[PDB]
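Enquirer: One structure is given below, represented as C-alpha cells, and several questions about it will come after.
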Amino acid sequence: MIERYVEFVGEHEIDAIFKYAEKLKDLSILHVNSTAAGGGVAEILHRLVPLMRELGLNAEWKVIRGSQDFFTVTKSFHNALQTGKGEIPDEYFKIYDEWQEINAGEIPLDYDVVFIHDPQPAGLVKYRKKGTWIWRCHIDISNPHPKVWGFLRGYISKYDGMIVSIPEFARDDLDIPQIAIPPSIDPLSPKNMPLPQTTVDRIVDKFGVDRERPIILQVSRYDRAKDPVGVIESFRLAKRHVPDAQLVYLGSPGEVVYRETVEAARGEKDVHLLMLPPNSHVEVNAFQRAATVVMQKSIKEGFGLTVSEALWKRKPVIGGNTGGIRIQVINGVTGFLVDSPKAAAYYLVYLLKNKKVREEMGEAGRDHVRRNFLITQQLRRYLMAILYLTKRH
C-alpha cells in the first residue's frame, strides 16, 4: 500500500518514511484509545497502524472498556476541557482513577513506545513499566476547566511527550515536549477514494435526496460541539435566497441533540437528518462528492477531519472559527470561518451563487490538503516523534 502514495506526495517523502522505519524496526509500539468504530481517532488508527505494520514495525492497538458511568465522566471531562464550563462532582475523579486501575489489569503495557489517545486512558501512565510514553491529545485544551485540567495535568506531566493537533493547543504549564501533528486523510481509504458517479447517484437517491438540486452537507455526530441546531438555523436563513438548496446532516450514533435538531428543522422538508452506522465510509464519501458546499460549523473542534475530507474532494467548507478548523479553512481561499449561524448563511448564499469561486476554492482545498494533511505526512512526523522522544527517554 505505502508504494501507492508516490502519485500524491512523490518518491522523496516515501524514501524518508522507509528510513525512519528502518531505525525503529526493533521497537514495540502500543496505541490505547476508547473506541474501535467511529470518531476521528479510530478512523486515523484504522489506517495508520496497518501502515506501521507494513513498514515492519511491531505496532499494536488496544481499546479500554468502561461502564456508562465512566463514559459519562470522560464525556463531562471532554466538554469541561473544551468549553471550560460544567460542575464536576469530586466522585467523578475517583470513578476515573478506579477505571484506570481496572484497564491496567486487562492491558499489558510492556512496550518500548505507548501512545495514549485523549483523556479517557491518560491515567494508565500510573502503571507505566518501561518505555517511552506519549500522550496523543485530539481535543482543544487551550482554555480548559481549571480543576479537570489540574487533575489531568498530574498524569500528562509523567509522559515523555505530548502530541496536539495544532500548535495553539501547546500549554505553558507543561515542561514535556509538546509536538503539533494534525490528523490526516488517507486518499486510498474507502472514505476518501475516487467513486464512480453511479455509486454516488445510487447512495444519494437511496436516502431520498435529489442529486439535480444543490446539496449542503455537514458530516458530524448529533452533538452540541458540532452545533446541528446552528446548521439548521444557517440553512433556514440561506434557503430564503436559495430556495432550490437541500441540507443533509449525516451523523452516526446523550443523543438528545437529534430530537432538538428534528424540532429546529420542523416546517422545512428539504432538511434531511440522516443517521448511518459508523462503518458507512463509502456513504459519507458519496455524500461529500455529491455536496455543492460542505459545513463543519463546530463550536469546538480539535481538528475535524471531515473538513480535509471535503477539501480533498474539491468542496468548499464553511467551518466554525475555532481550533483545528482554522488551519484547514483559510478564510476566502479553501472556505470561510464563521462565529454565528447568520455568517454561515451569508457564505452559503455567496458560494451557491458563485460557481467559479466554489471550483477555485475546491482546487485550493485539495492542494492545501495535499501539502499539509495526507496520511504520508502524518506517518512521517509520527516516526520522527518516536525517534526523537525514545532517544530522549
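Just so we're on the same page: first chain in the C-alpha cells is A, next is B, and so on; residues restart at 1 for each chain, and ligands are numbered from 1 in the order they show up.
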Write out as a list in words each polymer residue whose atoms come within 10 Å of residue 168 (chain A), counting only C-alpha atoms; drop sequence neighbours fewer than 6 positions from it.
Expert: residues 140, 141, 142, 180, 323 and 324 of chain A
Enquirer: What residues in region 89-123 of chain A get the DSSP label strand (DSSP E or B)? Please answer as a VMD selection string.
Expert: chain A and resid 113 to 117
Enquirer: So how many Å separate CA of residue 48 (chain A) and CA of residue 379 (chain A), to one decimal?
Expert: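 Taking CA of residue 48 (chain A) and CA of residue 379 (chain A), their separation equals 6.9 Å.
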Enquirer: Show which residues sit within 8 Å of region 122-136 of chain A, as JSON, numbers by chain. Count only C-alpha atoms, and ignore same-chain residues fewer than 4 positions away.
Expert: {"A": [97, 100, 101, 103, 104, 109, 110, 111, 112, 113, 114, 115, 116, 117, 118, 152, 155, 156, 158, 159, 160, 161, 162, 163, 164, 389, 390, 393]}
Enquirer: Filtering to N, CA, C and O atoms, could you give me those residues as an mmCIF file, in the first residue's frame?
Expert:
data_model
loop_
_atom_site.group_PDB
_atom_site.id
_atom_site.type_symbol
_atom_site.label_atom_id
_atom_site.label_comp_id
_atom_site.auth_asym_id
_atom_site.auth_seq_id
_atom_site.Cartn_x
_atom_site.Cartn_y
_atom_site.Cartn_z
ATOM 1 N N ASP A 97 -10.114 7.289 38.215
ATOM 2 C CA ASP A 97 -8.904 6.637 38.781
ATOM 3 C C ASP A 97 -9.173 5.131 38.908
ATOM 4 O O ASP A 97 -8.274 4.336 38.555
ATOM 5 N N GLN A 100 -8.965 3.411 35.513
ATOM 6 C CA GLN A 100 -7.553 3.370 35.051
ATOM 7 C C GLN A 100 -6.909 2.116 35.659
ATOM 8 O O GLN A 100 -6.230 1.383 34.919
ATOM 9 N N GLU A 101 -7.152 1.862 36.949
ATOM 10 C CA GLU A 101 -6.664 0.656 37.676
ATOM 11 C C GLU A 101 -7.163 -0.611 36.965
ATOM 12 O O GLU A 101 -6.338 -1.502 36.686
ATOM 13 N N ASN A 103 -8.414 -1.181 33.760
ATOM 14 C CA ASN A 103 -7.895 -1.351 32.374
ATOM 15 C C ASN A 103 -6.403 -1.721 32.428
ATOM 16 O O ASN A 103 -5.953 -2.482 31.550
ATOM 17 N N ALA A 104 -5.672 -1.228 33.432
ATOM 18 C CA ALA A 104 -4.242 -1.526 33.693
ATOM 19 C C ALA A 104 -4.058 -2.968 34.186
ATOM 20 O O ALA A 104 -2.892 -3.407 34.275
ATOM 21 N N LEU A 109 1.288 -3.378 29.262
ATOM 22 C CA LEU A 109 1.919 -2.064 28.958
ATOM 23 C C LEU A 109 3.442 -2.200 28.848
ATOM 24 O O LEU A 109 4.104 -1.159 28.901
ATOM 25 N N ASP A 110 3.967 -3.420 28.677
ATOM 26 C CA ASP A 110 5.403 -3.689 28.373
ATOM 27 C C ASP A 110 5.649 -3.505 26.877
ATOM 28 O O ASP A 110 5.752 -4.524 26.165
ATOM 29 N N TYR A 111 5.696 -2.251 26.428
ATOM 30 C CA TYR A 111 6.102 -1.846 25.060
ATOM 31 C C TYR A 111 7.225 -0.808 25.167
ATOM 32 O O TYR A 111 7.435 -0.239 26.246
ATOM 33 N N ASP A 112 7.963 -0.600 24.083
ATOM 34 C CA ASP A 112 9.032 0.428 24.039
ATOM 35 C C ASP A 112 8.372 1.801 23.900
ATOM 36 O O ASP A 112 8.877 2.735 24.507
ATOM 37 N N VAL A 113 7.278 1.886 23.139
ATOM 38 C CA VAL A 113 6.508 3.139 22.903
ATOM 39 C C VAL A 113 5.029 2.876 23.192
ATOM 40 O O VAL A 113 4.449 1.976 22.540
ATOM 41 N N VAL A 114 4.456 3.642 24.127
ATOM 42 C CA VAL A 114 2.991 3.686 24.398
ATOM 43 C C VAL A 114 2.441 5.066 24.013
ATOM 44 O O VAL A 114 2.871 6.084 24.602
ATOM 45 N N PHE A 115 1.550 5.087 23.024
ATOM 46 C CA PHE A 115 0.691 6.241 22.676
ATOM 47 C C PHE A 115 -0.638 6.098 23.404
ATOM 48 O O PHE A 115 -1.330 5.097 23.162
ATOM 49 N N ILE A 116 -0.955 7.045 24.287
ATOM 50 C CA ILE A 116 -2.277 7.137 24.970
ATOM 51 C C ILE A 116 -3.080 8.235 24.283
ATOM 52 O O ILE A 116 -2.642 9.397 24.315
ATOM 53 N N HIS A 117 -4.215 7.867 23.696
ATOM 54 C CA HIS A 117 -5.065 8.771 22.886
ATOM 55 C C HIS A 117 -6.168 9.360 23.767
ATOM 56 O O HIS A 117 -7.001 8.575 24.257
ATOM 57 N N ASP A 118 -6.130 10.683 23.965
ATOM 58 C CA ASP A 118 -7.217 11.526 24.537
ATOM 59 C C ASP A 118 -7.322 11.272 26.041
ATOM 60 O O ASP A 118 -6.510 10.554 26.615
ATOM 61 N N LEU A 152 -5.786 16.208 35.248
ATOM 62 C CA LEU A 152 -5.269 15.521 34.029
ATOM 63 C C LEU A 152 -3.783 15.857 33.834
ATOM 64 O O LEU A 152 -3.011 14.950 33.445
ATOM 65 N N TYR A 155 -1.280 13.628 35.511
ATOM 66 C CA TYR A 155 -0.938 12.448 34.678
ATOM 67 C C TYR A 155 -0.101 12.868 33.468
ATOM 68 O O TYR A 155 0.913 12.196 33.223
ATOM 69 N N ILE A 156 -0.510 13.916 32.735
ATOM 70 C CA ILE A 156 0.175 14.342 31.472
ATOM 71 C C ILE A 156 1.652 14.617 31.784
ATOM 72 O O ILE A 156 2.486 14.225 30.973
ATOM 73 N N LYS A 158 3.722 13.214 33.606
ATOM 74 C CA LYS A 158 4.548 11.988 33.772
ATOM 75 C C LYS A 158 4.910 11.390 32.405
ATOM 76 O O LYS A 158 5.702 10.446 32.394
ATOM 77 N N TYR A 159 4.373 11.910 31.295
ATOM 78 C CA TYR A 159 4.653 11.381 29.935
ATOM 79 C C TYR A 159 6.014 11.922 29.490
ATOM 80 O O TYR A 159 6.511 12.871 30.098
ATOM 81 N N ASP A 160 6.588 11.325 28.452
ATOM 82 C CA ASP A 160 7.877 11.746 27.842
ATOM 83 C C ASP A 160 7.619 12.815 26.782
ATOM 84 O O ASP A 160 8.590 13.510 26.399
ATOM 85 N N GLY A 161 6.364 12.926 26.328
ATOM 86 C CA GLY A 161 5.974 13.853 25.254
ATOM 87 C C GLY A 161 4.474 13.915 25.089
ATOM 88 O O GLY A 161 3.795 12.940 25.450
ATOM 89 N N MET A 162 3.987 15.057 24.606
ATOM 90 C CA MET A 162 2.574 15.297 24.239
ATOM 91 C C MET A 162 2.526 15.608 22.740
ATOM 92 O O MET A 162 3.385 16.366 22.258
ATOM 93 N N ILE A 163 1.579 15.007 22.023
ATOM 94 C CA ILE A 163 1.219 15.407 20.636
ATOM 95 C C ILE A 163 -0.158 16.073 20.674
ATOM 96 O O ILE A 163 -1.136 15.404 21.077
ATOM 97 N N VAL A 164 -0.234 17.316 20.210
ATOM 98 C CA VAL A 164 -1.506 18.054 19.950
ATOM 99 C C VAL A 164 -1.667 18.238 18.438
ATOM 100 O O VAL A 164 -0.667 18.129 17.725
ATOM 101 N N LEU A 389 11.667 11.153 20.791
ATOM 102 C CA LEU A 389 11.251 11.009 22.204
ATOM 103 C C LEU A 389 11.870 9.744 22.814
ATOM 104 O O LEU A 389 12.211 9.807 24.007
ATOM 105 N N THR A 390 12.045 8.658 22.043
ATOM 106 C CA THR A 390 12.729 7.420 22.525
ATOM 107 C C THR A 390 14.207 7.723 22.803
ATOM 108 O O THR A 390 14.722 7.266 23.855
ATOM 109 N N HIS A 393 14.320 9.522 26.096
ATOM 110 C CA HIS A 393 13.932 8.633 27.226
ATOM 111 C C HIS A 393 15.158 7.837 27.698
ATOM 112 O O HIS A 393 16.071 7.426 26.962
#
Enquirer: Let me make sure I understand: among A:2, A:352, A:231, A:63, which one has the smallest atom-to-atom distance to residue 213 (chain A) if we use only C-alpha atoms?
Expert: A:352
Enquirer: Would you mind listing what lies within 7 Å of residue 186 (chain A) as number ranges by chain, with only C-alpha atoms counted and same-chain residues fewer than 2 positions away left out?
Expert: A: 184, 188-189, 192, 374-375
Enquirer: Please, which residues of region 53-202 of chain A, numbered as in this document, come out alpha helix (DSSP H) from DSSP, as a ChimeraX atom specification?
Expert: /A:53-54,68-83,90-106,146-156,197-202
Enquirer: I want to know what sits within 12 Å of residue 288 (chain A), based on only C-alpha atoms, with residues of the same chain fewer than 3 positions away left out; could you give that as an NGL selection string?
Expert: :A and (191-195 or 200 or 203-204 or 215-220 or 248-250 or 281-285 or 291-295 or 306-317)
Enquirer: Quick one: residues within 10 Å of residue 106 (chain A), only C-alpha atoms counted, chain neighbours fewer than 4 positions away excluded, as a ChimeraX atom specification?
Expert: /A:64-65,101-102
Enquirer: Could you name the residues that touch region 70-74 of chain A at 10 Å or less, counting only C-alpha atoms, but leaving out those on the same chain fewer than 3 positions away, as a VMD selection string?
Expert: chain A and resid 34 65 to 67 77 to 80 88 to 89 91 to 93 95 to 99 118 to 121 254
Enquirer: How about saving the chosen residues, N, CA and C atoms kept, as a CSV table (one decimal), in the first residue's frame?
Expert:
chain,number,residue,atom,x,y,z
A,34,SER,N,-10.3,4.7,23.1
A,34,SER,CA,-11.6,4.4,23.8
A,34,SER,C,-12.6,3.8,22.8
A,65,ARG,N,-12.1,-0.4,28.1
A,65,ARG,CA,-13.5,-0.6,28.3
A,65,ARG,C,-13.9,0.2,29.6
A,66,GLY,N,-15.2,0.5,29.7
A,66,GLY,CA,-15.8,1.1,30.9
A,66,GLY,C,-17.3,0.9,31.0
A,67,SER,N,-17.9,1.1,32.2
A,67,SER,CA,-19.3,1.3,32.5
A,67,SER,C,-19.8,2.7,31.9
A,77,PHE,N,-15.6,15.4,31.2
A,77,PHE,CA,-14.2,15.9,31.2
A,77,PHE,C,-14.0,16.5,29.8
A,78,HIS,N,-14.3,15.8,28.7
A,78,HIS,CA,-14.1,16.3,27.3
A,78,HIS,C,-14.7,17.7,27.2
A,79,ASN,N,-16.0,17.8,27.5
A,79,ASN,CA,-16.7,19.1,27.4
A,79,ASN,C,-16.1,20.2,28.3
A,80,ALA,N,-15.7,19.8,29.6
A,80,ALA,CA,-15.1,20.7,30.5
A,80,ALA,C,-13.7,21.2,30.0
A,88,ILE,N,-18.2,19.6,38.3
A,88,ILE,CA,-17.6,18.3,38.2
A,88,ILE,C,-17.6,17.7,39.7
A,89,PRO,N,-18.5,16.8,40.0
A,89,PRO,CA,-18.5,16.2,41.3
A,89,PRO,C,-17.2,15.5,41.6
A,91,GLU,N,-16.6,12.9,43.1
A,91,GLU,CA,-16.8,11.5,42.8
A,91,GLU,C,-16.3,11.1,41.4
A,92,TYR,N,-16.5,12.0,40.4
A,92,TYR,CA,-16.1,11.8,39.0
A,92,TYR,C,-14.6,11.4,38.9
A,93,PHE,N,-13.8,12.0,39.7
A,93,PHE,CA,-12.3,11.8,39.6
A,93,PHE,C,-12.0,10.4,40.2
A,95,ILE,N,-14.1,7.6,40.2
A,95,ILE,CA,-14.6,6.8,39.2
A,95,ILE,C,-13.6,6.6,38.1
A,96,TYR,N,-12.9,7.7,37.7
A,96,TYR,CA,-11.9,7.8,36.6
A,96,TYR,C,-10.7,7.0,37.0
A,97,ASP,N,-10.1,7.3,38.2
A,97,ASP,CA,-8.9,6.6,38.8
A,97,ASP,C,-9.2,5.1,38.9
A,98,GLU,N,-10.4,4.8,39.4
A,98,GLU,CA,-10.8,3.4,39.5
A,98,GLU,C,-10.7,2.6,38.2
A,99,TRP,N,-11.2,3.2,37.1
A,99,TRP,CA,-11.3,2.6,35.8
A,99,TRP,C,-9.9,2.6,35.0
A,118,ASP,N,-6.1,10.7,24.0
A,118,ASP,CA,-7.2,11.5,24.5
A,118,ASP,C,-7.3,11.3,26.0
A,119,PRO,N,-8.2,12.0,26.8
A,119,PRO,CA,-8.2,11.9,28.2
A,119,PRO,C,-8.6,10.6,28.9
A,120,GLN,N,-9.4,9.8,28.2
A,120,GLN,CA,-10.0,8.6,28.8
A,120,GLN,C,-8.9,7.6,29.3
A,121,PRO,N,-7.8,7.3,28.6
A,121,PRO,CA,-6.8,6.4,29.1
A,121,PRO,C,-5.6,7.0,29.7
A,254,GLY,N,-25.5,10.8,25.1
A,254,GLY,CA,-26.7,11.7,25.1
A,254,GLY,C,-27.7,11.4,24.0
Enquirer: Compare A:335, A:320, A:182, A:150 by their minimum atom-to-atom distance to residue 305 (chain A), counting only C-alpha atoms, and give me the closest one.
Expert: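 Nearest candidate to residue 305 (chain A) out of A:335, A:320, A:182, A:150: A:182.
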Enquirer: Taking only C-alpha atoms into account, name the residue in A:10, A:40, A:332, A:196 that is nearest to residue 301 (chain A).
Expert: A:40
Enquirer: Tell me which of A:274, A:170, A:55, A:329 sits closest to residue 26 (chain A), counting only C-alpha atoms.
Expert: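 Among the listed residues, A:55 lies closest to residue 26 (chain A).
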